[PDB]
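Chains as they are written, first to last, in PDB author numbering: chain C, 2 to 335; chain A, 2 to 335; chain B, 2 to 335; chain D, 2 to 335.
Don't be surprised by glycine CBs; every beta carbon is placed ideally from N, CA and C.
Heads up, the thing below is written out as structure tokens.
Protein chains: 4
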Amino acid sequence: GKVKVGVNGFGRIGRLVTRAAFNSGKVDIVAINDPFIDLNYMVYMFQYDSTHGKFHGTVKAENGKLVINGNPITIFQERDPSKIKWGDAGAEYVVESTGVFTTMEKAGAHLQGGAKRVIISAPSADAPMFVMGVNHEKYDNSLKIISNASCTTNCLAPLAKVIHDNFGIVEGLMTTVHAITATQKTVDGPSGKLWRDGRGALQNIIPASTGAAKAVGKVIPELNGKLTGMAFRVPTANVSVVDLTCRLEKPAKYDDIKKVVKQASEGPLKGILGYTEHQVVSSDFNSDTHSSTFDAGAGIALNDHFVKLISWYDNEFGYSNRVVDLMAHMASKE
Amino acid sequence: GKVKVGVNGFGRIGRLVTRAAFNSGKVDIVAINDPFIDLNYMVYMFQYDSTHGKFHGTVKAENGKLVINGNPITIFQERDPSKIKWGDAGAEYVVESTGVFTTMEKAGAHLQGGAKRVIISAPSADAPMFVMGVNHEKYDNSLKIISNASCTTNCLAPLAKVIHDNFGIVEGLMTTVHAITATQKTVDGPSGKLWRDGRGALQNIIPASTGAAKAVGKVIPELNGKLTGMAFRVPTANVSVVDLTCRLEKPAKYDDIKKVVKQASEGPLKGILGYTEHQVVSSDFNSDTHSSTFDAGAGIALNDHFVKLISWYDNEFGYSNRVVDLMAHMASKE
Amino acid sequence: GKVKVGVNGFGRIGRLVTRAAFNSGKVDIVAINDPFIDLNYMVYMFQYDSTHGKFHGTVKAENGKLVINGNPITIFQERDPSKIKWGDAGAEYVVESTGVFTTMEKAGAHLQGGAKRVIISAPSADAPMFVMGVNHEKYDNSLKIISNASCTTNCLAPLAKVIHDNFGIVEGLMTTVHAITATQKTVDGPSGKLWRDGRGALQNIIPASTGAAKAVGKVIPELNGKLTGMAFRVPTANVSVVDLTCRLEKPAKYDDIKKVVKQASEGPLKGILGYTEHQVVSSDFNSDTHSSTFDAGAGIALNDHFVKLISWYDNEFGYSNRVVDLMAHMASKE
Amino acid sequence: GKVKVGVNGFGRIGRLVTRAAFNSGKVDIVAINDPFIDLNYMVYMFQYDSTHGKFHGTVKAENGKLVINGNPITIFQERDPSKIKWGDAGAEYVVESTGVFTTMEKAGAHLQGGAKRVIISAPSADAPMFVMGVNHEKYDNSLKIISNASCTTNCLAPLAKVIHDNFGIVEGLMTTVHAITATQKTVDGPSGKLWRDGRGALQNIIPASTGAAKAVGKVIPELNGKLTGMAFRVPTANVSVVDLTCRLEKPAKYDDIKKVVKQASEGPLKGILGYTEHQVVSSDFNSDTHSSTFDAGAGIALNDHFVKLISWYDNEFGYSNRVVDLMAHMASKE
């Protein structure tokens with residue numbers, strides 16, 4: 002009953018989505034498309050990882066097919082998305098992870114290839130957005146092209162949903178300390194539009210602008226126009242942290258904030274929102290599958306209406322597991 | 002007319018204070034005390050620096066005296082501060098920079114050594130605090146033991162004072178992304194009280210608690226009980242950034258915020274508070290002598306009463322230059 | 002039939018030795034001594050690791066005993082090694098891992114505490130040295146205090162034994178690119194004897210002197226006086242690499258060198274010496290239990306008598322597993 | 002009498018060559034060509050540098066010309082090298098620094114643009130190679146297209162010339178610990194041919210192959226076929242170190258090696274080869290203009306015929322200053 006999933010692009014998001022699908026077993030990958038990576042280089046890329054270690058399983062190439070844990074995978078090298086034969090490979094859902102086909106018209110090229118539904122693993126300008134555990138019940142199966150937002154939005158959402166439902170966020174601001182990105186430059190390099198992102202990633206802190214805090218209002222319509230923020234990109238490897246400063250409507254002591262977050266992390270948001278009281282650091286969340294983990298000891302409250310909350314998230318694994326978790330919920334809705 | 006300055010401790014703060022005094026020429030160093038560093042090791046430490054480069058000048062040892070630019074410096078190796086003969090060396094002001102004598106009773110041990118006034122280069126529990134450009138006119142020359150707060154407080158004070166005088170800060174919260182220091186551990190190590198600070202500094206983000214935002218209320222009494230914050234220690238080398246989220250009383254567009262900060266950085270707070278509109282990163286402020294530099298392009302405003310302001314600071318040079326600038330103002334008040 | 006092992010010191014070597022003993026199950030830990038770490042801090046230290054991740058198992062404190070996987074461990078806080086009651090705790094073998102008791106007289110303090118044999122996890126000036134897979138058959142059970150040399154020696158030994166037995170090393174020089182050490186300073190700090198090791202570990206390359214290449218001649222007596230080398234400490238986290246340049250007596254093509262190393266890694270030196278032909282990097286050997294892994298593609302030969310061989314080693318896990326493997330061989334010799 | 006120099010490409014080598022030319026004043030830059038960087042982005046790139054700090058001088062844009070220290074510079078955006086009007090701009094010598102036109106036929110496209118001579122700042126397959134201080138007297142002014150080798154070759158050459166002239170190098174091997182460059186990937190990325198260079202530069206050590214040691218035999222013909230080596234790329238920023246292991250013909254104690262290197266660094270190779278006896282680290286050579294600096298305390302000798310010598314070099318500044326120094330010697334030969 003598991004759905005057939007095709008992956009477009011074998012970048013970081015595509016490789017970690019394939020790894021999450023093979024680790025969890027909720028879906029099955031039958032096809033991968035990349036015009037710039039050959040088969041043996043795909044074996045090398047999937048087998049070895051600097052951040053998450055070696056793959057737990059067997060990966061090899063035979064008869065022109067990538068074989069992972071005994072499952073052969075069709076490989077395409079097509080550059081035009083409308084020319085990829087997804088229907089011949091048996092793929093029903095396609096993950097668009099290259100980051101260059103994000104509009105509905107550009108990502109709709111996969112549907113005449115034989116695919117049924119397209120999931121975009123990036124923010125989209127016109128496709129509907131879904132975050133697991135927040136608004137994923139609003140999916141209604143008549144939508145062909147949807148998006149899964151981003152890692153920062155997936156971390157911030159469930160958290161802001163719990164605070165708003167209990168205390169009424171009047172307004173808020175967010176700052177995220179983010180690990181390096183593939184788009185960043187090892188040394189000062191030529192970035193055409195974003196001049197700050199062309200500077201050396203190993204030596205710098207690099208303020209950046211983001212739309213993840215504004216995208217929460219699309220997913221939670223009551224918070225529309227009430228959230229904004231920015232980001233800093235520090236020279237770490239994988240794990241990021243979200244810093245939210247908000248004004249509340251109802252009075253809330255910090256012990257009352259800790260109680261409702263801990264209760265939400267047990268029953269409704271189990272596996273999506275985490276809770277800890279230990280003295281954790283950033284490497285304690287490496288390969289953690291939670292969207293966000295609340296740090297009780299790191300936050301601070303000025304008074305009963307003005308608080309600052311600290312959350313952690315693995316921007317690689319957690320987000321890649323949410324793409325798989327969204328796809329399984331779509332297949333149960335057919 | 003320059004005052005004679007003794008330095009207690011040849012750590013990072015003491016070496017950069019000596020370097021700032023020799024670079025600026027406002028004061029003169031006549032004596033250095035350290036019980037664990039010998040003379041030739043002092044020559045080696047002062048000559049070479051990983052962060053700020055080689056010393057611009059000549060440093061050598063002769064006749065048991067450290068000679069920097071032709072000026073001989075008396076060296077003491079005493080462990081008891083009451084036994085150091087500051088008066089025999091001619092030192093009138095003593096910088097207490099070891100970080101272990103911060104109370105008035107502990108830092109008052111230097112006065113029977115012959116010293117007149119003691120400046121503590123750290124926050125103090127009972128000594129009066131002074132930040133240059135904010136409340137340094139309140140010094141009245143009958144105070145023998147004063148403190149110079151900390152680098153984070155010196156960065157945050159100027160901006161806050163300008164914002165409160167023009168728009169009326171109702172309440173605010175601060176987050177600082179801080180570079181690694183000397184108390185942090187290269188690899189997971191045993192920190193007795195602060196368990197998070199014992200983890201590996203190269204691999205981690207490490208939330209920390211700080212009292213720099215609360216100490217602004219001691220320096221600006223109108224903002225008492227209206228500011229608080231925390232910090233993150235990322236694996237960079239020298240430059241930190243302050244992130245302030247505040248609620249204003251009077252309406253303020255972001256263009257009006259930029260105008261009053263730029264005007265304050267020219268006339269009254271010249272050399273203390275900086276202003277830039279370029280696409281800067283953290284390494285652009287290495288060896289910068291400003292206490293804080295306002296980043297106009299990095300901040301964001303949600304509405305006319307809720308803003309987030311970004312400022313930078315070299316926590317080594319700027320702060321060390323403020324210790325020299327405070328000492329010169331004290332000598333003019335005699 | 003497993004021996005009872007006591008651990009003196011809960012530093013990096015002691016914690017990874019405890020982790021290796023609980024992961025492998027060859028020995029059992031019954032007692033840990035550390036005068037500066039309390040019980041709950043021991044739980045925190047053993048549970049979380051920045052390099053090797055979270056501990057796979059349960060660790061908690063009850064009734065003053067550290068309980069790991071249901072096994073209670075006696076905790077001592079004694080500072081004098083002759084006062085530790087090893088015999089009351091049931092410990093038969095004691096690992097001296099603090100790095101300050103390395104001579105036979107200093108490490109012999111544990112024997113009137115009730116212990117039978119002492120294994121020093123460091124190079125020793127007068128204790129006999131043993132490297133697993135090279136000279137560990139020379140142990141004769143009448144030796145009470147022995148040493149396990151070091152990580153670099155454990156990496157270099159197996160390799161040089163295979164090359165000398167097949168081709169006759171006439172002379173050889175060595176260089177190791179080593180990851181940071183706890184003794185290194187996060188920022189420029191005061192190192193009393195080694196002035197280079199006091200400089201900032203994040204920003205520097207730092208040449209260092211080592212006696213690991215000379216200690217191979219103690220373990221292989223035919224190579225006495227024929228090996229020497231030095232080291233570089235680069236800002237990585239865990240994995241080091243050994244670079245050996247040697248002159249051979251008999252002619253040897255590089256394909257003949259690859260054949261005898263691959264054959265030795267299968268039969269005699271299985272699990273101690275590894276072999277790979279893939280395009281590996283340093284993070285591919287994180288938490289690898291081999292003493293050394295031969296990199297076939299990285300080495301180069303100038304002619305048939307002058308070659309340069311490249312080997313990898315995890316200086317934390319591999320070495321800690323060799324301490325356990327040495328202790329199990331000692332218990333089978335009783 | 003200074004020659005007019007055009008620069009093709011505004012990458013790292015081109016920007017540091019322009020900076021070295023404006024700092025030294027031996028030549029003058031009149032023209033820069035880059036098809037992907039506009040004028041204001043050129044101002045931003047030249048003004049700010051993460052490694053070497055802010056530019057000491059004034060840089061601004063006016064009337065479509067880059068103005069540095071009052072000197073206007075013509076800017077071209079041509080992609081075909083044969084279409085660049087070097088003769089209209091007055092440029093006589095052209096530095097080819099893009100790294101893609103290295104053969105004589107490809108780099109000879111500049112000559113119908115009006116240029117007279119082409120200097121390639123890279124190794125070339127067929128152009129003659131020149132290293133300053135070693136074989137630069139062999140230039141005879143009838144050569145139109147020459148090359149300047151590479152940074153590693155420029156570091157190794159002067160050293161091996163001194164050792165061979167005094168002691169007779171029989172054979173030798175070299176290892177260089179190199180800082181990260183621009184071709185490396187911030188995180189695991191797709192490198193088509195060199196699979197190891199696509200792994201994450203921040204987390205890895207990354208063995209690499211180089212032809213710098215073999216290229217010494219082209220510059221010193223007596224050492225042809227007697228040198229080879231490889232490299233390691235560690236996550237530092239700028240400074241690299243060369244590790245040479247050689248067999249000598251004549252006996253040489255290490256004090257005799259230190260004497261001839263120190264004498265050569267004073268008279269003949271002043272400014273090219275350096276000498277130090279201090280306890281230096283890698284950041285002590287940041288922005289140092291020497292091609293190589295001999296580290297007396299870091300090397301080691303096994304016997305009188307088998308030594309290991311350690312040398313430092315700033316692979317950005319030193320090499321860029323040698324391109325300027327080579328061009329000035331060419332202009333004096335006309």
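Inset, instruction - Classify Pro73 of chain C as helix, strand or coil using the three-state DSSP reduction. - result: strand
Inset, instruction - Output the distance between the C-alpha atoms of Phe56 of chain A and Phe77 of chain D, rounded to the nearest integer angstrom. - result: 41 Å
Legend entry - DSSP-derived helix/strand/coil call for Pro269 of chain A: coil
Inset, instruction - Give the straight-line distance between the Cα atoms of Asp189 of chain A and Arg200 of chain A, rounded to the nearest whole angstrom. - result: 4 Å
Inset, instruction - Could you pull the start and end residues of the beta strand (DSSP E) that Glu63 of chain A belongs to? - result: 60-63
Legend entry - DSSP state of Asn34 of chain C mapped onto helix, strand, coil: strand
Legend entry - Coarse secondary structure for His53 of chain C, derived from DSSP in three states: coil
Inset, instruction - Indicate whether at least one CB of chain B lies closer than 9 Å to the CB of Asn287 of chain C. - result: yes
Inset, instruction - Step through the CB atoms of chain A and report whether any lies within less than 9 Å of the CB of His279 of chain D. - result: yes
Inset, instruction - Could you confirm whether any beta carbon from chain A is found closer than 9 Å to the beta carbon of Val282 of chain D? - result: yes
Legend entry - Residues near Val171 of chain C in its chain [Cβ-Cβ closer than 6 Å; skip 5 each side]: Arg248, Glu250
Legend entry - Chain-ordered residues of the region 196-207 of chain B with a beta carbon less than 7 Å from chain D: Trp196, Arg197, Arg200, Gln204, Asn205, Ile206, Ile207
Inset, instruction - Can you give me, in chain order, the residues of the region 175-189 of chain D that have a beta carbon less than 8 Å from any beta carbon in chain C? - result: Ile181, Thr182, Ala183, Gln185, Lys186, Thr187, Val188, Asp189
Legend entry - the region 89-99 of chain D touching the region 5-17 of chain D, judged by at least three CB pairs closer than 8 Å: yes
Inset, instruction - Report yes or no: do three or more beta-carbon pairs, one from the region 314-331 of chain D and one from the region 154-173 of chain D, lie closer than 8 Å? - result: yes
Legend entry - the ligand FMN heavy atom lying under 8 Å from the CB of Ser192 of chain D: Annotation note on the ligand FMN: not contained in the displayed structure, which lists no ligands.
Legend entry - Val308 of chain A and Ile258 of chain A closer than 9 Å at C-beta: yes
Inset, instruction - Would you kindly report the start and end of the unbroken alpha helix (DSSP H) that includes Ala297 of chain D? - result: Counting along the chain, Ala297 of chain D falls outside any alpha helix (DSSP H), though it belongs to the beta strand (DSSP E) covering 293-304.
Legend entry - Simplified DSSP assignment, three categories, for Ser148 of chain C: strand
Inset, instruction - Measure the C-alpha to C-alpha separation of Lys334 of chain D and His137 of chain D and round it to an integer number of angstroms. - result: 11 Å
Legend entry - Where the region 235-265 of chain C meets chain D: residues whose CB sits under 8 Å from a CB there: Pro236, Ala238
Inset, instruction - Check whether the Cβ of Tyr314 of chain B lies closer than 9 Å to any Cβ atom in chain A. - result: no
Inset, instruction - Go through its chain and collect everything with a Cβ distance to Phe131 of chain B's Cβ below 8 Å, but skip five positions before and after it. - result: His137, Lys139, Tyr140, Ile147, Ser148, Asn149, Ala150, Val220, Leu327
Inset, instruction - Taking only the alpha-carbon atoms, compute the straight-line gap between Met133 of chain B and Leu160 of chain B and give it to the nearest angstrom. - result: 12 Å
Inset, instruction - Check whether the Cβ atoms of residue 343 of chain A and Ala116 of chain A lie closer than 9 Å to each other. - result: One cannot answer for residue 343 of chain A here, as it falls past the ends of chain A, which runs 2 to 335.
Legend entry - Beta carbon of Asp285 of chain B nearer than 9 Å to that of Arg234 of chain B: no
Legend entry - Residue from A:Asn41, A:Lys162, A:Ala213 with nearest C-alpha to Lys61 of chain A: A:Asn41
Legend entry - Cα-Cα separation, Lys194 of chain A to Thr246 of chain C: 28 Å
Legend entry - Exposed unless 16 or more other CB atoms sit within 10 angstroms - verdict on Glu97 of chain B: buried
Inset, instruction - Enumerate, from N- to C-terminal direction, the unbroken alpha helix (DSSP H) stretches of 4 or more residues contained entirely within the region 219-261 of chain C. - result: none
Legend entry - residue 395 of chain A - partner residues in DSSP beta bridges: Nothing about residue 395 of chain A can be reported from this structure: the residues present for chain A run from 2 to 335 only.
Legend entry - Supposed contact pair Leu174 of chain D and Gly230 of chain D - C-beta distance, whole angstroms, cut 8 Å: 5 Å
Legend entry - Cα-Cα separation between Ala21 of chain D and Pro36 of chain A, rounded to whole angstroms: 44 Å
Legend entry - Test item: CB-CB of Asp127 of chain B and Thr104 of chain B under 9 Å: yes
Legend entry - CB contact below 9 Å: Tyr320 of chain D versus chain C: no
Inset, instruction - Alpha carbon to alpha carbon, how far is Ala299 of chain D from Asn205 of chain B? Give it in angstroms, no decimals. - result: 15 Å
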